[PDB]
Protein chains: 2
Amino acid sequence: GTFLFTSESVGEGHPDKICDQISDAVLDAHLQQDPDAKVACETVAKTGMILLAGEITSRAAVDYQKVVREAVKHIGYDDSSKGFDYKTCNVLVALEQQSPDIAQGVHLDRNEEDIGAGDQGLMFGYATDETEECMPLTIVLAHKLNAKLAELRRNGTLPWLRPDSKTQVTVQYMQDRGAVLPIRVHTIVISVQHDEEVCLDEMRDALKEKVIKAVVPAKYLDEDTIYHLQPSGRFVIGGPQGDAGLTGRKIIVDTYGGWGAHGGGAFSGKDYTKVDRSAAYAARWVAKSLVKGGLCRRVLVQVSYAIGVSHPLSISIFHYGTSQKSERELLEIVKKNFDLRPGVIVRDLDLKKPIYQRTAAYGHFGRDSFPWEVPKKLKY
Amino acid sequence: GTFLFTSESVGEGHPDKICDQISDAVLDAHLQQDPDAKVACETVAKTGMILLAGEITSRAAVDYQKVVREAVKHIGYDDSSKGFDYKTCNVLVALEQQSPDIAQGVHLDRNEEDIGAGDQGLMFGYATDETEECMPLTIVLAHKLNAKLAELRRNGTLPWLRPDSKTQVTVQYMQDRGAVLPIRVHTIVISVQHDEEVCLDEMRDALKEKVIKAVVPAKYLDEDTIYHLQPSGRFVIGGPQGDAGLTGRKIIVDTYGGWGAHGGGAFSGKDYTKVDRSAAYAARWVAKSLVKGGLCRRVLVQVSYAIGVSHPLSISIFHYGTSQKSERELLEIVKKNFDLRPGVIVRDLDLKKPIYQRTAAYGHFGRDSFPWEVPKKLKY
Ligand SMILES: C[S@@+](CC[C@H](N)C(=O)[O-])C[C@H]1O[C@@H](n2cnc3c(N)ncnc32)[C@H](O)[C@@H]1O
Ligand SMILES: C[S@@+](CC[C@H](N)C(=O)[O-])C[C@H]1O[C@@H](n2cnc3c(N)ncnc32)[C@H](O)[C@@H]1O
Ligand SMILES: Cn1cc2c(n1)c(=O)n(-c1cccnc1C1CC1)c1cc(Cl)c(F)cc21
Ligand SMILES: Cn1cc2c(n1)c(=O)n(-c1cccnc1C1CC1)c1cc(Cl)c(F)cc21
Ligand SMILES: [Cl-]
Ligand SMILES: [Cl-]
Ligand SMILES: [Cl-]
Ligand SMILES: [Cl-]
Ligand SMILES: [Cl-]
Ligand SMILES: [Cl-]
Ligand SMILES: [Cl-]
Ligand SMILES: [Cl-]
Ligand SMILES: [Cl-]
Ligand SMILES: [Cl-]
Ligand code: NA
Ligand code: NA
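This deposited entry lists X-ray crystallography as its structure determination method and 1.12 Å as its resolution.

### A look at the sheet that holds strand β7 (residues 121–128) of chain A
Residues and elements named next belong to chain A. Strand order in the open sheet formed by three strands is β7-β12-β13, with antiparallel pairing between adjacent strands. Strands with a single pairing partner mark the edges of an open sheet, and in this sheet they are β7 and β13 (314–318). On average, adjacent strands in this sheet sit at an angle of 15 degrees to one another, irrespective of strand direction. Bridge count for β7 against strand β12 (residues 298–305) is eight bridges, and the pairing is antiparallel. Bridge pairing in β12 links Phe124 to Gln302. Seen against the sheet, helix α6 (residues 275–292) touches β7 and β12 and runs at an angle of roughly 30 degrees to β7.

### As for the side chain of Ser191 of chain A
With respect to the helices and strands, the residue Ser191 of chain A is situated in strand β9 (residues 179–194). Residue class for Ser191 of chain A comes out buried when judged on its relative accessible area of 7%.

### A word on helix α6 (residues 275–292) of chain B
All names here are of chain B. Compared with an ideal rise of 1.5 Å per residue, which puts 18 residues at 26 Å, α6 spans 24 Å between its outermost C-alpha atoms and is within 8% of the ideal. Where burial is concerned, most of α6 is hidden: 17 out of the 18 residues are buried. Where α6 terminates, the next one or two residues include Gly294, which has phi positive at roughly 80 degrees.

### Some points on the relation of the copies chain B and chain A
Its rotation angle being 180 degrees, the transformation that places chain B on chain A also includes 0.0 Å of axial translation and leaves an RMSD of 0.0 Å. Between the two chains, the operation in question is that of a two-fold axis. Considering only C-alpha atoms, the residue of chain B closest to the rotation axis is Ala261 of chain B, which sits at 2.9 Å. The share of interface residues of chain B whose copies in chain A are also at the interface is 100%, consistent with both copies meeting through the same surface.

### Focus on the interface of chain B and chain A
Many analyses report the size of an interface as the accessible area lost when the parts associate. The interface of chain B with chain A comprises 74 residues on the first partner and 74 residues on the second. Roughly 5,400 Å² is buried in total at the junction of chain B and chain A, and carbon and sulfur atoms are behind 53% of that figure. Among the residues chain B hides against chain A, the three largest losses belong to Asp101, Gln120 and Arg249 of chain B. Together they make up 13% of the total. The interface formed by chain B and chain A includes 10 salt bridges. One salt bridge in this structure joins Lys46 of chain A and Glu96 of chain B, with 3.8 Å as the shortest N-O distance. Summed over the shared surface of chain B and chain A, the number is 36 residue pairs in polar contact. Considering every element that reaches the side of chain B that touches chain A, the biggest residue donor is strand β1 (residues 3–10) of chain B, with six residues. Its residues assigned to classes, the side of chain B that touches chain A shows 27 nonpolar, 34 polar and 13 charged.

### Considerations on the site of ligand 4
Around ligand 4 lies a shell of 17 residues, among which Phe3, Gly258 and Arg298 of chain A together with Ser316 and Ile317 of chain B are the nearest. With respect to ligand 4, the chains having nearby residues are chains A and B. Between ligand 4 and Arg298 of chain A, the relevant distance is 2.9 Å, taken from a nitrogen atom to a side-chain nitrogen or oxygen of the residue. Isolated, ligand 4 exposes 530 Å² of accessible area, and the fraction of that covered by the protein chains is 93%. Taken together, the elements giving at least two residues each to the shell around ligand 4 come down to β1 (3–10) of chain A together with β12 (298–305) and β13 (314–318) of chain B. Among the elements that make up the shell around ligand 4, the one with the highest residue count is β13 of chain B (three residues).

### Looking at the nonpolar core
Residues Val216 of chain A together with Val216 of chain B are the most contacted members of the largest nonpolar core, which totals 221 residues. For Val216 of chain A, the residues in contact, after removing those within four places along its chain, are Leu141, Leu145, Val185, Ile188 and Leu221 of chain A. Core analysis: the next-biggest nonpolar cluster, separate from the first, contains eight residues, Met49 and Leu51 of chain A together with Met49 and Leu51 of chain B among them.

Reading guide: rules and limits
Residues numbered from 1 in each chain as written, not as in the entry; some residues may be left out. Chains lettered and ligands numbered in written order. Heavy atoms only, no water. Pairing = 2+ DSSP bridges. Helix = DSSP H or I, 4+ residues; strand = E, 2+ residues; numbered from the N terminus. Axes fitted to C-alpha atoms, helices over the stretch in contact; angles between N-to-C directions. Contact = heavy atoms within 4.5 Å. Buried < 20%, exposed > 50% of the residue type's maximum accessible area, 1.4 Å probe, protein only. Expected span 1.5 Å × (residues − 1). Least-squares fit on C-alpha atoms. Buried area = accessible area lost by both parts, 1.4 Å probe. Salt bridge = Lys/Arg side-chain N within 4 Å of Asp/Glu carboxyl O. Polar contact = N/O pair within 3.5 Å; in protein donor to acceptor, adjacent residues only side chain to side chain. Nonpolar A, V, L, I, M, F, W, Y, C, P; charged D, E, K, R; others polar. Near = heavy atom within 4 Å. Areas by Shrake-Rupley, 256 points an atom, 1.4 Å probe, with all protein chains shown as cover. Core = buried A, V, L, I, M, F, W, Y, C linked by side-chain atoms within 4.5 Å.

If you want it as structure tokens, here you go:
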């Protein structure tokens, strides 16, 4: 009855994640001045370069140089010795207005509640009772390992650390009538950018003693746990210099770590009219509401949209055998309790508020009591 | 027992898909001269611009201007009236060598069979007996609708069509002991870029009569089927001008349309040492081999890797209740029949051959009898 499952996470200075954070810094900067900004901001990062590309229609006056460089500063790339420096990098901007054809089909002259979806697409929400925050343990631990690295970098404990990191956690699980129960950690991977001087033994010792042991409960670690710490042997070159980054290339890190399902859409750089983000947040909210409401132990929700149409085209529920209600009954409960038009989701989840940069590392779900993490009390 | 499920696909001129095709045109150009090229080529597209960014170490001499422009030509963007022109667009190149630190940790001085994974990560394979090609009907139909649009554009039947398109198909399914059985098509969305002159009624009529009816069997369509054809009302601006594109932003279109699972990695622009591609292809091959071998009706396979390590860190099987063998027994069969080291996958699936551009539209799976689509005969 046991099985393995693996999830990964990345750090704030991973080049794809840099792009997500910059895209959302740009979104937040617009929303701070114009709550109704239409934003579709892609970021690309390579050696010495941040490029913004996409479509923004907004009444805001945004200093892109400042916004980008402050985001990079926060991440920690502040010197050529680290491979990237917010003070001296190139920031290039290829931003246009939103297509008039999209605007007229989605939101022009439409009542806010009746705004069309900003695109077609499909989105999923997932929740699992295996952790109190209703997330898979694999992905929670992977995120926390990256957060620990950033903490020990910033507090000067491990000053050889640089911002670019990746982690991966394999858990051995058992099953209990469709719910999943973590037993032990089977394998951990950590790769993190480092300075020229520190040796591989010093790093591996610190990663086990100061990172893994500070994050993963000892009850999950045993003599058989496999550790792959700095498995490449050398990671001095990192950030965008080591690997080009793009917005929306960590969509599984951003969500459920391979559990559940994904419809393909990226979150960062997009305002609420882009259902790739708003409907995925709403679907998480639905899933978490069903689990915290005691209807399910685990649940997957699909929704889908057509551009220009407000109501979803389909809604589907899968409960993994963890409810005494049928999936049809759960669907009826969802339909009675939630309105998944984007122009209603925006009100319920307060999606004009400029909090998006906070979402763009360490996963969008399972932390900080964002509105989509606060369950709805269900009537049925 | 019935449920809905939705998948989408996009056309060759969708701006994200343009990027995937260009990335793989670049990969193929390298492989044609240097089978061992190390390629990590990201493409970004916006009005008037193709940018290549990433890392290539290769003995090839590649004319990026020519490769990019020929790919755009093939797609059909050949005039400013269409919003993009291969003859006159900007092609910018920000390509460096592969990081020496990665190279030394992955492949330098290593026997080919024992090459390390080019990164950490997780990957899934999926197969379902609901179609002969072992793919979900939702995603197959969505792809075929885009292919039909391109066919009728290219043959001059519907000369108002432009290359940028999206489709979405919702199927109503029943379940049979874990297998899924399509009943009917519930909803179809088609959005396609068009010329200034054609009206909405002409387009909607053609999309139903010449596209949908030419693709979707009549047995699946009924009086209740919902059609959202050109739902935005106007789609003259399109391609990169309408929406910035990036490589690796259609990873669910590229795979199983939301079915199965995804580990997050993009395929296009990457040589075989990048397990995001090679191990996903191998996992598809495993899944399809289990279904075509009569062991399962449906199956999901997870694998995972650490950078620099050749053997997978974990392998997992889920059969949805569609095998008389346990998941543990299936895992043993997989382990006895497959070697999922990247340096062995490359031999089994012939992954130095320059066929990658063909994979980069209409999905990587379920068509053309690529090596990962030819089942392995299993011993057990
Ligand atoms: C391995 S790189 C992807 C492959 C790369 N584009 C290439 O040219 O081979 C993906 C991520 O791994 C991490 N990485 C970069 N250099 C690394 C190294 N030397 N050792 C381990 N991980 C590294 C960074 O987080 C980077 O964004
Ligand atoms: C709707 S756009 C994404 C949102 C866009 N970035 C914005 O600024 O609102 C996503 C895709 O939809 C398609 N699209 C572009 N313009 C469209 C229109 N006027 N009507 C319908 N679909 C359109 C293209 O395939 C495009 O790549
Ligand atoms: C018989 N049956 C019904 C469904 C299903 N098979 C199935 O595979 N998925 C699905 C797709 C992707 C990932 N995970 C799952 C489910 C965990 C199996 C469904 C998803 C949804 Cl949202 C739904 F409502 C039904 C099924
Ligand atoms: C009790 N149990 C075992 C597994 C599981 N729950 C589960 O949710 N997934 C999973 C993850 C993502 C999408 N779809 C699925 C499966 C259709 C449920 C698994 C995947 C794999 Cl590859 C595996 F080997 C086991 C489970
Ligand atoms: Cl990566
Ligand atoms: Cl967008
Ligand atoms: Cl505005
Ligand atoms: Cl917990
Ligand atoms: Cl608690
Ligand atoms: Cl899109
Ligand atoms: Cl890569
Ligand atoms: Cl070479
Ligand atoms: Cl078939
Ligand atoms: Cl046949
Ligand atoms: Na998009
Ligand atoms: Na990558």
